[PDB]
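Data block for work-v3.tsv (TSV, C-alpha atoms):
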```tsv
chain	number	residue	atom	x	y	z
A	2	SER	CA	7.29	-26.86	-1.40
A	3	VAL	CA	8.68	-23.78	0.25
A	4	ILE	CA	5.85	-24.25	2.79
A	5	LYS	CA	6.53	-26.81	5.58
A	6	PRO	CA	4.07	-28.14	8.23
A	7	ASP	CA	6.11	-26.25	10.83
A	8	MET	CA	7.39	-22.75	9.99
A	9	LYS	CA	9.18	-20.04	11.95
A	10	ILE	CA	8.46	-16.33	12.32
A	11	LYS	CA	10.65	-13.27	13.05
A	12	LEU	CA	9.32	-9.71	13.01
A	13	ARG	CA	10.06	-6.11	13.79
A	14	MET	CA	7.33	-3.49	14.10
A	15	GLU	CA	8.19	0.19	14.16
A	16	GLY	CA	5.40	2.62	14.84
A	17	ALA	CA	3.70	5.43	16.66
A	18	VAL	CA	0.41	6.07	18.41
A	19	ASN	CA	-0.75	9.67	18.84
A	20	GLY	CA	2.75	10.77	17.85
A	21	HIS	CA	4.61	8.66	20.38
A	22	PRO	CA	7.01	6.22	18.71
A	23	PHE	CA	7.67	2.61	19.74
A	24	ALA	CA	9.04	-0.67	18.40
A	25	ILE	CA	8.46	-4.33	19.09
A	26	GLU	CA	10.23	-7.52	17.99
A	27	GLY	CA	9.06	-11.09	18.11
A	28	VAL	CA	9.91	-14.65	17.20
A	29	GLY	CA	7.38	-17.39	16.82
A	30	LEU	CA	6.27	-20.63	15.26
A	31	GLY	CA	3.31	-21.40	13.06
A	32	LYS	CA	1.59	-24.31	11.34
A	33	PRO	CA	0.36	-23.07	7.94
A	34	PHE	CA	-1.87	-26.08	7.23
A	35	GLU	CA	-3.35	-26.19	10.72
A	36	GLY	CA	-3.88	-22.43	10.66
A	37	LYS	CA	-2.26	-21.99	14.08
A	38	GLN	CA	0.57	-19.79	15.30
A	39	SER	CA	2.15	-18.45	18.45
A	40	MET	CA	4.83	-15.91	19.13
A	41	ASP	CA	6.71	-14.19	21.94
A	42	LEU	CA	6.89	-10.40	21.69
A	43	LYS	CA	9.09	-7.76	23.40
A	44	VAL	CA	8.71	-3.99	23.47
A	45	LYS	CA	12.11	-2.61	22.44
A	46	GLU	CA	11.33	1.12	22.27
A	47	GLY	CA	8.49	3.32	23.56
A	48	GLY	CA	7.61	1.11	26.54
A	49	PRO	CA	5.83	0.71	28.88
A	50	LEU	CA	3.27	1.21	26.11
A	51	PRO	CA	0.80	3.96	27.11
A	52	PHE	CA	-1.97	2.46	24.95
A	53	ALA	CA	-3.80	-0.86	24.85
A	54	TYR	CA	-1.56	-3.58	23.45
A	55	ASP	CA	-4.61	-5.14	21.84
A	56	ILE	CA	-4.63	-2.57	19.03
A	57	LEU	CA	-1.36	-4.12	17.85
A	58	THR	CA	-2.05	-7.84	17.94
A	59	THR	CA	-3.73	-8.46	14.60
A	60	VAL	CA	-0.81	-6.72	12.92
A	61	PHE	CA	1.59	-9.31	14.37
A	65	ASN	CA	-0.03	-13.38	8.12
A	66	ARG	CA	-2.91	-15.16	6.37
A	67	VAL	CA	-0.47	-17.91	5.41
A	68	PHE	CA	-1.39	-19.21	8.87
A	69	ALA	CA	-4.97	-20.04	7.92
A	70	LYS	CA	-6.27	-23.55	7.31
A	71	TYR	CA	-7.56	-23.59	3.69
A	72	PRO	CA	-9.71	-26.46	2.39
A	73	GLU	CA	-8.74	-27.91	-1.02
A	74	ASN	CA	-11.69	-26.27	-2.80
A	75	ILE	CA	-10.72	-22.69	-1.98
A	76	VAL	CA	-7.88	-20.90	-3.76
A	77	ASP	CA	-5.11	-20.02	-1.34
A	78	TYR	CA	-3.73	-16.66	-2.48
A	79	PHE	CA	-1.18	-16.60	0.36
A	80	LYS	CA	0.57	-19.96	0.23
A	81	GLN	CA	0.69	-19.68	-3.57
A	82	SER	CA	2.60	-16.39	-3.26
A	83	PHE	CA	5.77	-17.94	-1.86
A	84	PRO	CA	8.75	-18.10	-2.06
A	85	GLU	CA	8.48	-14.49	-3.33
A	86	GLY	CA	5.87	-13.64	-0.70
A	87	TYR	CA	3.32	-10.83	-0.42
A	88	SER	CA	2.65	-7.61	1.50
A	89	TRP	CA	-0.45	-6.12	3.02
A	90	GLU	CA	-1.84	-2.76	4.06
A	91	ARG	CA	-4.67	-2.16	6.48
A	92	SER	CA	-6.76	0.66	7.82
A	93	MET	CA	-8.35	0.11	11.21
A	94	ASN	CA	-11.15	2.55	11.94
A	95	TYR	CA	-12.29	2.70	15.58
A	96	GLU	CA	-15.77	3.97	16.41
A	97	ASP	CA	-14.52	6.90	18.51
A	98	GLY	CA	-12.35	8.18	15.64
A	99	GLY	CA	-9.03	6.57	16.50
A	100	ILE	CA	-7.50	5.40	13.21
A	101	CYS	CA	-4.63	2.97	12.74
A	102	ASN	CA	-2.85	2.16	9.48
A	103	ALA	CA	-0.41	-0.73	9.26
A	104	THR	CA	1.62	-2.57	6.67
A	105	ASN	CA	3.48	-5.84	6.63
A	106	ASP	CA	5.97	-6.88	3.98
A	107	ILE	CA	6.49	-10.61	4.34
A	108	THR	CA	9.51	-12.42	3.00
A	109	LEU	CA	10.73	-15.98	3.43
A	110	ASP	CA	14.24	-17.14	4.40
A	111	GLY	CA	14.51	-20.91	4.65
A	112	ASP	CA	11.75	-22.16	6.96
A	113	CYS	CA	11.28	-18.68	8.45
A	114	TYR	CA	8.92	-15.88	7.53
A	115	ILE	CA	10.31	-12.39	8.17
A	116	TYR	CA	7.96	-9.49	8.76
A	117	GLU	CA	8.83	-5.85	8.25
A	118	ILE	CA	5.94	-4.02	9.95
A	119	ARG	CA	4.81	-0.37	10.21
A	120	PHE	CA	2.01	0.76	12.58
A	121	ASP	CA	0.59	4.30	12.88
A	122	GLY	CA	-2.38	5.38	14.95
A	123	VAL	CA	-3.74	8.86	15.52
A	124	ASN	CA	-6.65	10.68	17.15
A	125	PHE	CA	-7.28	8.23	19.98
A	126	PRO	CA	-9.13	10.25	22.64
A	127	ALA	CA	-7.10	10.71	25.82
A	128	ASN	CA	-9.88	9.27	27.98
A	129	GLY	CA	-10.90	6.53	25.56
A	130	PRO	CA	-10.47	2.76	26.22
A	131	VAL	CA	-7.29	2.57	24.13
A	132	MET	CA	-5.30	5.33	25.87
A	133	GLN	CA	-6.79	4.32	29.21
A	134	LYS	CA	-5.90	0.66	28.60
A	135	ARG	CA	-9.39	-0.63	29.30
A	136	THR	CA	-9.55	-3.42	26.71
A	137	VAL	CA	-9.70	-7.11	27.63
A	138	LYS	CA	-9.43	-9.01	24.33
A	139	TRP	CA	-10.62	-9.14	20.70
A	140	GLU	CA	-13.70	-11.27	20.12
A	141	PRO	CA	-13.33	-13.94	17.43
A	142	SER	CA	-14.22	-12.67	13.97
A	143	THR	CA	-14.99	-13.57	10.39
A	144	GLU	CA	-13.05	-11.84	7.64
A	145	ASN	CA	-14.59	-11.63	4.20
A	146	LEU	CA	-12.15	-11.85	1.30
A	147	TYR	CA	-12.81	-10.78	-2.27
A	148	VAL	CA	-10.71	-9.88	-5.29
A	149	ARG	CA	-10.40	-6.22	-6.29
A	150	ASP	CA	-8.16	-4.79	-9.04
A	151	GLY	CA	-6.25	-8.07	-9.43
A	152	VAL	CA	-5.32	-8.23	-5.75
A	153	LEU	CA	-7.17	-9.57	-2.70
A	154	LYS	CA	-9.09	-7.56	-0.09
A	155	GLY	CA	-10.18	-8.79	3.30
A	156	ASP	CA	-12.49	-6.82	5.59
A	157	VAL	CA	-13.61	-7.60	9.14
A	158	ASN	CA	-15.93	-6.20	11.78
A	159	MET	CA	-13.85	-6.35	14.94
A	160	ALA	CA	-14.70	-5.77	18.58
A	161	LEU	CA	-12.66	-5.35	21.74
A	162	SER	CA	-14.33	-6.54	24.93
A	163	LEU	CA	-14.00	-3.77	27.53
A	164	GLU	CA	-13.18	-3.72	31.27
A	165	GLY	CA	-16.40	-3.94	33.24
A	166	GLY	CA	-18.38	-4.87	30.18
A	167	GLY	CA	-19.44	-3.63	26.78
A	168	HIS	CA	-17.56	-3.57	23.48
A	169	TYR	CA	-15.53	-1.12	21.42
A	170	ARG	CA	-15.83	-1.52	17.65
A	171	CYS	CA	-13.27	-1.25	14.89
A	172	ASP	CA	-13.66	-1.81	11.16
A	173	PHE	CA	-10.67	-3.41	9.34
A	174	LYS	CA	-10.03	-3.03	5.62
A	175	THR	CA	-7.01	-4.93	4.33
A	176	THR	CA	-5.47	-5.21	0.87
A	177	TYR	CA	-3.19	-8.17	0.27
A	178	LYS	CA	-0.72	-7.99	-2.62
A	179	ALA	CA	1.19	-11.01	-3.90
A	180	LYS	CA	4.70	-10.29	-5.17
A	181	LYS	CA	4.14	-12.56	-8.17
A	182	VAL	CA	1.18	-13.65	-10.29
A	183	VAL	CA	-0.99	-16.16	-8.39
A	184	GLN	CA	-4.40	-17.74	-8.91
A	185	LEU	CA	-7.17	-15.45	-7.60
A	186	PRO	CA	-9.76	-16.79	-5.11
A	187	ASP	CA	-13.54	-16.66	-5.36
A	188	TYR	CA	-15.30	-14.87	-2.48
A	189	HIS	CA	-14.68	-16.61	0.83
A	190	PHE	CA	-14.28	-16.21	4.58
A	191	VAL	CA	-11.63	-16.63	7.23
A	192	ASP	CA	-12.67	-17.18	10.83
A	193	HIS	CA	-10.10	-15.87	13.31
A	194	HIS	CA	-9.48	-16.10	16.99
A	195	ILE	CA	-6.52	-14.16	18.36
A	196	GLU	CA	-5.55	-14.32	22.04
A	197	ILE	CA	-2.88	-13.00	24.35
A	198	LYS	CA	-2.08	-16.16	26.36
A	199	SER	CA	0.33	-14.60	28.84
A	200	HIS	CA	1.84	-11.15	29.43
A	201	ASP	CA	3.62	-9.24	32.14
A	202	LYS	CA	1.98	-6.35	33.94
A	203	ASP	CA	2.80	-3.67	31.36
A	204	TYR	CA	2.93	-5.94	28.28
A	205	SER	CA	6.68	-5.52	27.77
A	206	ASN	CA	6.55	-9.29	27.27
A	207	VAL	CA	3.66	-10.88	25.38
A	208	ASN	CA	2.85	-14.42	24.29
A	209	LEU	CA	0.29	-14.20	21.47
A	210	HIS	CA	-1.74	-16.91	19.70
A	211	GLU	CA	-4.07	-17.07	16.71
A	212	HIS	CA	-5.94	-19.81	14.90
A	213	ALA	CA	-7.74	-19.22	11.60
A	214	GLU	CA	-9.84	-21.33	9.23
A	215	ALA	CA	-11.11	-20.50	5.72
A	216	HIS	CA	-14.58	-21.49	4.62
A	217	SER	CA	-16.89	-20.71	1.70
A	218	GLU	CA	-20.52	-20.97	0.56
```
Have the structure of the file written as structure tokens, please.
Amino acid sequence: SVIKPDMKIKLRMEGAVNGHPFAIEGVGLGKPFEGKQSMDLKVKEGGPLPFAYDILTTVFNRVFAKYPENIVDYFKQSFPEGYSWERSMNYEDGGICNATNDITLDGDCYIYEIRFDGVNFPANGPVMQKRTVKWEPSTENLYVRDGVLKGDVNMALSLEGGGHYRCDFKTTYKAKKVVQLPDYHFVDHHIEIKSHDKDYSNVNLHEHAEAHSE
């Protein structure tokens, strides 16, 4: 179709955390039917980032999820026109991040235009003190609402020395053309920073995701 077994990714994120602006660009490769992707990221403005890089990673495409034949795939169906999403990410200590991605397709390459904005992270919290280790794997629940698709997930960052820091995600996905709507289902995720330099100016990021249903 327009979807190939191997696809490319280019992105720019512009954003701010607690008022301090920054920007990151990346290029990657994904396998839409395997639900696997990897990318290399570089901080272009705002670096060395004074907050935990982890809060950014899930913002850097549910196209890269392995869907079985018996579940409607809202995301792959939405191309070549594509789709966009919006997300609120509510951390338990009152830090709040909002992000959007508008995804287009050019040849075999998805292009992301990304906005990230976080506020009210406590100065001595794990995010501003950079005390996070990784996100735990998760299960996103997806359900139709107002003719578009929502996906929510209970997320947790493992912390330095032990313990977890919780964040609730609420995402709304919006196809840019009319597509078949899915029944309620799930997407299991595991995102991981595979390598990074000391201050995360360079990051290699992976995710693998698989849909399942009742």
Task: Spatial neighbours of residue 91 of chain A, 6 Å, all atoms listed in the file, chain gap at least 3 places, as a PyMOL selection string - done: chain A and resi 102-103+174-175
Open item on the list: Calculated over only C-alpha atoms, which of the candidates A:96, A:218, A:15, A:140 has the smallest distance to residue 196 of chain A?
Closed with: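 For residue 196 of chain A, the nearest of the given residues is A:140.
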TODO: For residue 145 of chain A, please output as a PyMOL selection string all residues within 7 Å (counting all atoms listed in the file; exclusion window: fewer than 3 positions along the same chain).
DONE: chain A and resi 155-157+189-191
Open item on the list: Let me make sure I understand: among A:101, A:69, A:28, A:14, which one has the smallest atom-to-atom distance to residue 214 of chain A if we use only C-alpha atoms?
Closed with: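 The shortest atom-to-atom distance to residue 214 of chain A comes from A:69.
If only C-alpha atoms are the atoms counted, then among A:19, A:39, A:88, A:81 the closest residue to residue 177 of chain A is A:88.
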Open item on the list: Under the rule that only C-alpha atoms are counted, which of A:54, A:23, A:95, A:173 is the nearest residue to residue 135 of chain A?
Closed with: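 Closest candidate: A:54.
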Task: residue 45 of chain A surroundings by only C-alpha atoms, 7 Å radius, close-in-sequence under 6 positions cut, as a list in words - done: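 Contacts, with the query itself left out: residues 24, 25 and 26 of chain A.
Take the candidates A:216, A:138, A:193, A:80 and check each one against residue 180 of chain A using all atoms listed in the file; the shortest distance goes to A:80.
Each of A:106, A:77, A:192, A:201 was compared to residue 37 of chain A using only C-alpha atoms, and A:192 turns out to be the nearest.
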Task: residue 202 of chain A environment, 12 Å, only C-alpha atoms, sequence neighbours closer than 3 positions dropped, as an MDAnalysis selection string - done: chainID A and resid 48:50 54 134 199 205:207
Could you pull the residues within 9 Å of residue 163 of chain A, counting only C-alpha atoms, minus those fewer than 2 positions along the same chain, as a tab-separated table (two decimals) with C-alpha atoms, in the coordinates of the input?
```
chain	number	residue	atom	x	y	z
A	130	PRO	CA	-10.47	2.76	26.22
A	135	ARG	CA	-9.39	-0.63	29.30
A	136	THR	CA	-9.55	-3.42	26.71
A	137	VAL	CA	-9.70	-7.11	27.63
A	138	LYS	CA	-9.43	-9.01	24.33
A	161	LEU	CA	-12.66	-5.35	21.74
A	165	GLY	CA	-16.40	-3.94	33.24
A	166	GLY	CA	-18.38	-4.87	30.18
A	167	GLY	CA	-19.44	-3.63	26.78
A	168	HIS	CA	-17.56	-3.57	23.48
A	169	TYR	CA	-15.53	-1.12	21.42
```
TODO: Report the distance between atom CA of residue 94 of chain A and atom CA of residue 75 of chain A in Å, rounded to one decimal place.
DONE: 28.8 Å
Task: Coordinates-based distance that separates atom CA of residue 212 of chain A from atom CA of residue 159 of chain A (Å, one decimal) - done: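 Answer for the atom CA of residue 159 of chain A to atom CA of residue 212 of chain A separation: 15.6 Å.
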- [ ] For atom CA of residue 153 of chain A and atom CA of residue 178 of chain A, determine how far apart the two atoms are, in Å to one decimal place.
- [x]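 We find that atom CA of residue 153 of chain A and atom CA of residue 178 of chain A lie 6.6 Å from each other.
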Place a sphere of radius 12 Å on (-2.7, -20.2, -6.8) in the file coordinates and name every protein, DNA or RNA residue with an atom inside or on its surface, counting only C-alpha atoms; give the answer as a short mmCIF file (atom, residue, chain, number, x, y, z; two decimals) with C-alpha atoms, in the coordinates of the input.
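Saved to selection.cif:
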```cif
data_model
loop_
_atom_site.label_atom_id
_atom_site.label_comp_id
_atom_site.auth_asym_id
_atom_site.auth_seq_id
_atom_site.Cartn_x
_atom_site.Cartn_y
_atom_site.Cartn_z
CA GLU A 73 -8.74 -27.91 -1.02
CA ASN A 74 -11.69 -26.27 -2.80
CA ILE A 75 -10.72 -22.69 -1.98
CA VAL A 76 -7.88 -20.90 -3.76
CA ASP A 77 -5.11 -20.02 -1.34
CA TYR A 78 -3.73 -16.66 -2.48
CA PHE A 79 -1.18 -16.60 0.36
CA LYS A 80 0.57 -19.96 0.23
CA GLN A 81 0.69 -19.68 -3.57
CA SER A 82 2.60 -16.39 -3.26
CA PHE A 83 5.77 -17.94 -1.86
CA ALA A 179 1.19 -11.01 -3.90
CA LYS A 181 4.14 -12.56 -8.17
CA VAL A 182 1.18 -13.65 -10.29
CA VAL A 183 -0.99 -16.16 -8.39
CA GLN A 184 -4.40 -17.74 -8.91
CA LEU A 185 -7.17 -15.45 -7.60
CA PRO A 186 -9.76 -16.79 -5.11
CA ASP A 187 -13.54 -16.66 -5.36
#
```
For the point (5.9, -15.7, 16.4) in file coordinates, what residues are within 8 Å, counting only C-alpha atoms? Give the answer as a PDB file with C-alpha atoms, keeping the file's coordinate frame?
```pdb
ATOM      1  CA  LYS A   9       9.180 -20.040  11.950  1.00  0.00           C
ATOM      2  CA  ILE A  10       8.460 -16.330  12.320  1.00  0.00           C
ATOM      3  CA  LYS A  11      10.650 -13.270  13.050  1.00  0.00           C
ATOM      4  CA  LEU A  12       9.320  -9.710  13.010  1.00  0.00           C
ATOM      5  CA  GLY A  27       9.060 -11.090  18.110  1.00  0.00           C
ATOM      6  CA  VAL A  28       9.910 -14.650  17.200  1.00  0.00           C
ATOM      7  CA  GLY A  29       7.380 -17.390  16.820  1.00  0.00           C
ATOM      8  CA  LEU A  30       6.270 -20.630  15.260  1.00  0.00           C
ATOM      9  CA  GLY A  31       3.310 -21.400  13.060  1.00  0.00           C
ATOM     10  CA  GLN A  38       0.570 -19.790  15.300  1.00  0.00           C
ATOM     11  CA  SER A  39       2.150 -18.450  18.450  1.00  0.00           C
ATOM     12  CA  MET A  40       4.830 -15.910  19.130  1.00  0.00           C
ATOM     13  CA  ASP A  41       6.710 -14.190  21.940  1.00  0.00           C
ATOM     14  CA  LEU A  42       6.890 -10.400  21.690  1.00  0.00           C
ATOM     15  CA  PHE A  61       1.590  -9.310  14.370  1.00  0.00           C
ATOM     16  CA  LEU A 209       0.290 -14.200  21.470  1.00  0.00           C
TER      17      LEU A 209
END
```
